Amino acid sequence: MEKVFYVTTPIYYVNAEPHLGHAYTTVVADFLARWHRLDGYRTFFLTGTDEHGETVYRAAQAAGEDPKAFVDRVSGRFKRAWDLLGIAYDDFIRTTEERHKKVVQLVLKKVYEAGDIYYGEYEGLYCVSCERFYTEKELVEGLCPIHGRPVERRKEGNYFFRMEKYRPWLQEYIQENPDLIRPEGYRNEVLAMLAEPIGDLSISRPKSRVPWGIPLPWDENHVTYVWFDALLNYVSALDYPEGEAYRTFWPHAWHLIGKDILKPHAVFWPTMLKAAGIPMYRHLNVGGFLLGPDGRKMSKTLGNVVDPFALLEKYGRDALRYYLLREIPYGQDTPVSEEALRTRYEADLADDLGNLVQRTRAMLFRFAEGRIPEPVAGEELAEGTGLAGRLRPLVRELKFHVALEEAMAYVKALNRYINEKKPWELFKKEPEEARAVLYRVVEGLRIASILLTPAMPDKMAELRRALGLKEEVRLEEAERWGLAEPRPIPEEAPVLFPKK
């Protein structure tokens, strides 16, 4: 009713093996969602797969499999992948689902009846083998990417959407809403395109060419092609018309995308919503490219490709997520490598966090009889309760690297604290002081673990379990000092982050 959060990731092409780019955007959405769930927000985190089209159709035909049966099996590679990355999405939308088809046809009819749709002719480079149109850039120097054959100018009957008519409105909307497209840099690029005519939008293709897809309500001989299909998922998953979910979440829609699909989300999408009578989204959040270790765009030929799943099996899901959130500023092109991840893992996780936990546990068994000491003021460590409040705005503004840098900064402060106070020496003189010092460390770690939960859900819960703290938490608990209770700690706990 008040605190509402809705985040979406793009709907990914089904016949595409999940890669680093899909992993990053999805992990960022997961973090954003987990964080808000923790801040007491009624939240919805959506993800899904794009399954229609002729490429997908021809791939199914090759394997001698039914189209539906094909996407059904391959869409699962994404579900399995998200399972491995620990993605807690609320819904997984598939464009072949009935609920989606229903909404697409519904928005199509409404827009067609509004007179924004007309039959026309599309012209351009065409590949007879592909049965699809290409643009200059899309052509690998003259010829078709696949088939490597010459394309020829061709025309084809297509239904169009009067998108140009909406350019004036869109231009001004972005001018009136400077926060619409989060990373500022990107907001200036959209405005540049709206300065020139954007033209009309082809929204269909003959079933003769594209037999796999959603038919137009007024012309079953045609199929919805891309746009009015994939884009509507954001609204389809909410049962848009009479759905409670649509009424609750749509008003706070946060779209996460990569810069590659910026025009479709910043220009096309807003005008389709306008013509459909649907309110504009709240924010379009653009992430940059995760460049190879050589600072170049990942690629086979360059052999600079980084596989997240291989890296996940080596260091674990928690390590991977942390590295990507702490090391890559959202919106900026950043190179990634296995070396950068191993360093962060060695320093931040295995040493600063894991060792401190292992160290504190050993010291509780020795100086506190295997139990958390009696609560005491935090002194210079009490300032950590003001982190949640300083992090909230940092997170909302897509500054995840700065947020985590702050949380880990506190963890480093904890290390320095215990290394300075030296509880094993203070015990000889005053046991009460040694215990006091230890309590501040367990309570300092409790708070830290909370702040880091969205980044490493399993590991942070493991940290609390290992210190006898309450596993399930809420961000508000990280704002009050003295919550850790004096209870025994598990006699044996595995090393949080083992040596690799």
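Sequential numbering from 1, following the sequence displayed.
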Completion exercise
Comparing 142 to 150 with 353 to 361, the higher average Cα temperature factor in the PDB entry belongs to 142 to 150
Completion exercise
Averaging the C-alpha temperature factors as deposited, the higher value of 36 to 44 versus 467 to 475 falls on 467 to 475
Exercise for the section: By the entry's C-alpha temperature factors, tell me which of 213, 86, 197, 288 sits highest. Expected result: 197
Problem - Selection from 256, 201, 305, 347 [criterion: highest C-alpha temperature factor in the record] - result: 305
Problem - Chain-wide C-alpha B factor ranking for residue 155, given as lowest, middle or highest third - result: highest
Practice task
For residue 63, return the chain-relative third of its C-alpha B-factor as stated in the PDB record: lowest, middle or highest.
Solution key: highest
Practice task
Divide the modelled residues of the chain into thirds by Cα B-factor and specify which third, lowest, middle or highest, holds residue 443.
Solution key: middle
Problem - Modelled-residue ranking by C-alpha temperature factor, third containing residue 241 - result: highest
Handout entry: Cα B factor band for residue 427 (lowest, middle or highest third within the chain)
Key = highest
